[PDB]
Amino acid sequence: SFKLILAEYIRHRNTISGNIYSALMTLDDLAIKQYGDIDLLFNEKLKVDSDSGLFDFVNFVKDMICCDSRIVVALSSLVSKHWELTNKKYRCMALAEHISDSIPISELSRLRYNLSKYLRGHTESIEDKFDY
């Protein structure tokens, strides 16, 4: 159910509406802090517009999921938006189902916990604490 929220967000980042999705867009800031220029990362490093762009993107994020799903969710939604804006919506659909399905349960719970805290106004940002 939270999986499905994540999938929906990644799949439809470009047009989607609702508070929970606006919340998730605040994760962009983490990706920007981490990589600096996202366009450069997408266009020059990963070549996301190439014929292998979907697979090269997933290969880039595959190990960092268990490090920080916040980053992977942010990057996946941004590349999905990029692909939708270049008529590769099919890649958005393929990415969303696989990223959402591949976040391990520990990391999924962690993301849900920190998002919940943000959504109730307990925290300024979506943090990375574990609910022990």
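We number the residues from 1 along the sequence you see.
field: 58-66 or 71-79, whichever carries the higher mean Cα B-factor
entry: For C-alpha atoms only, the mean B-factor is higher in 58-66.
task: Compare the mean C-alpha B-factor of 32-40 with that of 95-103 as given in the PDB entry, and name the stretch with the higher value.
output: The deposited B-factors put 32-40 ahead on the C-alpha mean.
- prompt: Which third, lowest, middle or highest, does the CA B-factor of residue 127 fall in along this chain?
  reply: It belongs to the lowest third of the chain when residues are ordered by C-alpha B-factor.
task: Pull the Cα B-factor of residue 27 out of the PDB entry and bin it into the chain's lowest, middle or highest third.
output: Its C-alpha B-factor, which the entry lists for residue 27, ranks in the lowest third among residues of this chain.
task: Could you say whether, by C-alpha temperature factor, residue 110 belongs to the lowest, middle or highest third of its chain?
output: It falls in the bottom third of the chain.
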